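**Student:** Here you go, my_file_7.cif (mmCIF, C-alpha atoms):
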data_final
#
loop_
_atom_site.label_atom_id
_atom_site.label_comp_id
_atom_site.auth_asym_id
_atom_site.auth_seq_id
_atom_site.Cartn_x
_atom_site.Cartn_y
_atom_site.Cartn_z
CA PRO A 97 -4.96 -32.39 -17.53
CA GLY A 98 -6.95 -29.17 -17.33
CA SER A 99 -6.85 -29.67 -13.57
CA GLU A 100 -3.04 -29.59 -13.68
CA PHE A 101 -2.92 -26.42 -15.80
CA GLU A 102 -5.32 -24.62 -13.47
CA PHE A 103 -3.61 -25.79 -10.28
CA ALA A 104 -0.29 -24.63 -11.74
CA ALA A 105 -1.86 -21.26 -12.51
CA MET A 106 -3.12 -20.92 -8.94
CA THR A 107 0.27 -21.88 -7.47
CA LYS A 108 1.91 -19.29 -9.73
CA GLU A 109 -0.45 -16.51 -8.65
CA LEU A 110 -0.24 -17.45 -4.97
CA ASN A 111 3.55 -17.15 -5.01
CA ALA A 112 3.44 -13.80 -6.80
CA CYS A 113 0.75 -12.54 -4.41
CA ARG A 114 2.82 -13.52 -1.37
CA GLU A 115 5.83 -11.70 -2.83
CA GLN A 116 3.67 -8.59 -3.15
CA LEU A 117 2.44 -8.85 0.44
CA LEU A 118 5.96 -8.17 1.70
CA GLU A 119 6.54 -5.39 -0.83
CA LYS A 120 3.26 -3.59 -0.11
CA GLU A 121 3.71 -3.87 3.66
CA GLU A 122 7.12 -2.24 3.26
CA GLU A 123 5.59 0.57 1.20
CA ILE A 124 2.93 1.13 3.88
CA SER A 125 5.70 1.53 6.46
CA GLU A 126 7.56 3.93 4.16
CA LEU A 127 4.41 6.01 3.67
CA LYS A 128 3.64 6.09 7.39
CA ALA A 129 7.19 7.24 8.15
CA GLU A 130 6.91 9.96 5.51
CA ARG A 131 3.53 10.95 6.93
CA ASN A 132 4.94 11.29 10.45
CA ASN A 133 7.81 13.49 9.26
CA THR A 134 5.41 15.69 7.28
CA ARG A 135 3.21 16.08 10.36
CA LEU A 136 6.22 17.29 12.34
CA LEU A 137 7.18 19.73 9.58
CA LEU A 138 3.64 21.13 9.48
CA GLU A 139 3.69 21.50 13.27
CA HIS A 140 6.97 23.42 13.09
CA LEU A 141 5.55 25.68 10.38
CA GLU A 142 2.43 26.42 12.43
CA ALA A 143 4.59 27.27 15.44
CA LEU A 144 6.83 29.62 13.46
CA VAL A 145 4.04 31.55 11.73
CA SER A 146 1.93 32.08 14.85
CA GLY B 98 -1.95 -34.75 -5.01
CA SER B 99 -4.60 -34.94 -2.30
CA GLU B 100 -8.33 -35.16 -3.04
CA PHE B 101 -9.11 -31.83 -1.38
CA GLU B 102 -5.91 -30.16 -2.59
CA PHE B 103 -7.59 -28.15 -5.37
CA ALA B 104 -10.21 -26.72 -3.01
CA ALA B 105 -7.53 -25.97 -0.40
CA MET B 106 -5.35 -24.12 -2.91
CA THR B 107 -8.39 -22.16 -4.09
CA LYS B 108 -9.16 -21.04 -0.55
CA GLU B 109 -5.53 -20.12 0.15
CA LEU B 110 -5.23 -18.07 -3.04
CA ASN B 111 -8.44 -16.19 -2.21
CA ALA B 112 -7.14 -15.46 1.30
CA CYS B 113 -3.92 -14.02 -0.12
CA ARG B 114 -5.88 -11.96 -2.66
CA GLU B 115 -7.94 -10.42 0.14
CA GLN B 116 -4.85 -9.65 2.23
CA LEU B 117 -3.17 -8.02 -0.77
CA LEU B 118 -6.18 -5.86 -1.60
CA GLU B 119 -6.34 -4.68 2.01
CA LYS B 120 -2.75 -3.42 1.78
CA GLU B 121 -3.27 -1.85 -1.65
CA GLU B 122 -6.29 0.08 -0.39
CA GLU B 123 -4.33 1.35 2.62
CA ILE B 124 -1.51 2.44 0.31
CA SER B 125 -4.01 4.36 -1.83
CA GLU B 126 -5.55 6.05 1.22
CA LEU B 127 -2.12 7.02 2.55
CA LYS B 128 -1.17 8.46 -0.84
CA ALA B 129 -4.44 10.40 -0.81
CA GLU B 130 -3.49 11.88 2.55
CA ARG B 131 0.00 12.63 1.25
CA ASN B 132 -1.45 14.45 -1.76
CA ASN B 133 -3.35 16.77 0.58
CA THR B 134 -0.27 17.91 2.52
CA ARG B 135 1.82 17.94 -0.65
CA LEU B 136 -0.48 20.50 -2.26
CA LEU B 137 -0.43 22.52 0.96
CA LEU B 138 3.37 22.72 1.06
CA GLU B 139 3.48 23.60 -2.65
CA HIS B 140 0.97 26.38 -1.96
CA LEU B 141 3.10 27.65 0.93
CA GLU B 142 6.24 27.50 -1.20
CA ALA B 143 4.60 29.48 -4.00
CA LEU B 144 3.52 32.27 -1.64
CA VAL B 145 7.00 32.71 -0.18
CA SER B 146 8.79 32.36 -3.52
CA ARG B 147 6.47 35.00 -4.98
CA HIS B 148 7.52 37.35 -2.18
#
Take the structure from the file and write it as structure tokens.

**Tutor:**
Amino acid sequence: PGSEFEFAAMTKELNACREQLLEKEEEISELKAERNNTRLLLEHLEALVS
Amino acid sequence: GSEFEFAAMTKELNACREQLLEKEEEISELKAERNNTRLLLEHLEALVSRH
């Protein structure tokens, strides 16, 4: 009864959490790619100034 | 409907929670690093645009 409600709540959260795992991993990759490009830009700027 | 199903689901949900937090913290740290370079570039842009 209450065991069913709670187990259903856990199953619901677990599914949502797993969906987010993929999404957040993708964002991490996006951020790392943006970071790498910014590093290159900053390197080019340093070269040009000095 | 196993006997140890509830305990198993509990452990699996906690594992996922921990994995998710780990990613969220890395995202926050990366955004912190991005904010640093972002402010730098905006500073550089302002100096040249002022010129």

**Student:** Quick one: residues within 12 Å of residue 124 (chain B), all atoms listed in the file counted, chain neighbours fewer than 4 positions away excluded, as a list in words?

**Tutor:**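 What passes the distance filter is residues 117, 119, 120, 121, 122, 123, 124, 125, 126, 127, 128 and 131 of chain A; 117, 118, 119, 120, 128, 129, 130 and 131 of chain B.
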
**Student:** Determine, counting all atoms listed in the file, every residue of protein, DNA or RNA that lies within 12 Å of (-4.4, -13.8, -4.7) in the file coordinates, then give the result as a PyMOL selection string.

**Tutor:** (chain A and resi 105-117) or (chain B and resi 106-119)

**Student:** Please, what distance in Å, to one decimal, runs between CA of residue 141 (chain B) and CA of residue 126 (chain B)?

**Tutor:**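 CA of residue 126 (chain B) lies 23.3 Å from CA of residue 141 (chain B).
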
**Student:** Report, in Å with one decimal, the straight-line distance from CA of residue 121 (chain B) to CA of residue 129 (chain A).

**Tutor:**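 Separation of CA of residue 121 (chain B) and CA of residue 129 (chain A): 17.0 Å.
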
**Student:** As an exercise, work out the distance from CA of residue 141 (chain A) to CA of residue 133 (chain B) in Å and give it to one decimal place.

**Tutor:** 16.0 Å

**Student:** Give me region 121-137 of chain A with N, CA and C atoms filled in, as a JSON list (two decimals), in the frame of the given file.

**Tutor:**
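Final output, saved to result36.json:
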[["chain", "number", "residue", "atom", "x", "y", "z"],
["A", 121, "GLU", "N", 3.59, -4.15, 2.23],
["A", 121, "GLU", "CA", 3.71, -3.87, 3.66],
["A", 121, "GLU", "C", 4.88, -2.91, 3.91],
["A", 122, "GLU", "N", 5.96, -3.11, 3.16],
["A", 122, "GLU", "CA", 7.12, -2.24, 3.26],
["A", 122, "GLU", "C", 6.78, -0.83, 2.79],
["A", 123, "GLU", "N", 6.00, -0.73, 1.72],
["A", 123, "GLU", "CA", 5.59, 0.57, 1.20],
["A", 123, "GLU", "C", 4.69, 1.31, 2.20],
["A", 124, "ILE", "N", 3.80, 0.56, 2.85],
["A", 124, "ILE", "CA", 2.93, 1.13, 3.88],
["A", 124, "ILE", "C", 3.77, 1.75, 5.00],
["A", 125, "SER", "N", 4.80, 1.03, 5.43],
["A", 125, "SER", "CA", 5.70, 1.53, 6.46],
["A", 125, "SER", "C", 6.44, 2.78, 6.00],
["A", 126, "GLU", "N", 6.89, 2.77, 4.75],
["A", 126, "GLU", "CA", 7.56, 3.93, 4.16],
["A", 126, "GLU", "C", 6.64, 5.15, 4.17],
["A", 127, "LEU", "N", 5.40, 4.94, 3.73],
["A", 127, "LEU", "CA", 4.41, 6.01, 3.67],
["A", 127, "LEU", "C", 4.07, 6.56, 5.05],
["A", 128, "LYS", "N", 3.96, 5.68, 6.03],
["A", 128, "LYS", "CA", 3.64, 6.09, 7.39],
["A", 128, "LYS", "C", 4.78, 6.89, 8.01],
["A", 129, "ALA", "N", 6.01, 6.53, 7.66],
["A", 129, "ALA", "CA", 7.19, 7.24, 8.15],
["A", 129, "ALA", "C", 7.27, 8.62, 7.51],
["A", 130, "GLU", "N", 6.95, 8.69, 6.22],
["A", 130, "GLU", "CA", 6.91, 9.96, 5.51],
["A", 130, "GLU", "C", 5.81, 10.85, 6.06],
["A", 131, "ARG", "N", 4.67, 10.23, 6.37],
["A", 131, "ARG", "CA", 3.53, 10.95, 6.93],
["A", 131, "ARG", "C", 3.88, 11.59, 8.28],
["A", 132, "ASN", "N", 4.54, 10.81, 9.14],
["A", 132, "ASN", "CA", 4.94, 11.29, 10.45],
["A", 132, "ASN", "C", 5.88, 12.49, 10.37],
["A", 133, "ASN", "N", 6.87, 12.40, 9.47],
["A", 133, "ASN", "CA", 7.81, 13.49, 9.26],
["A", 133, "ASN", "C", 7.11, 14.75, 8.76],
["A", 134, "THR", "N", 6.16, 14.57, 7.84],
["A", 134, "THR", "CA", 5.41, 15.69, 7.28],
["A", 134, "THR", "C", 4.56, 16.36, 8.35],
["A", 135, "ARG", "N", 4.00, 15.55, 9.25],
["A", 135, "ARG", "CA", 3.21, 16.08, 10.36],
["A", 135, "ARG", "C", 4.07, 16.98, 11.24],
["A", 136, "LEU", "N", 5.28, 16.52, 11.53],
["A", 136, "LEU", "CA", 6.22, 17.29, 12.34],
["A", 136, "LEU", "C", 6.60, 18.60, 11.66],
["A", 137, "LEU", "N", 6.85, 18.54, 10.36],
["A", 137, "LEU", "CA", 7.18, 19.73, 9.58],
["A", 137, "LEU", "C", 6.05, 20.75, 9.62]]
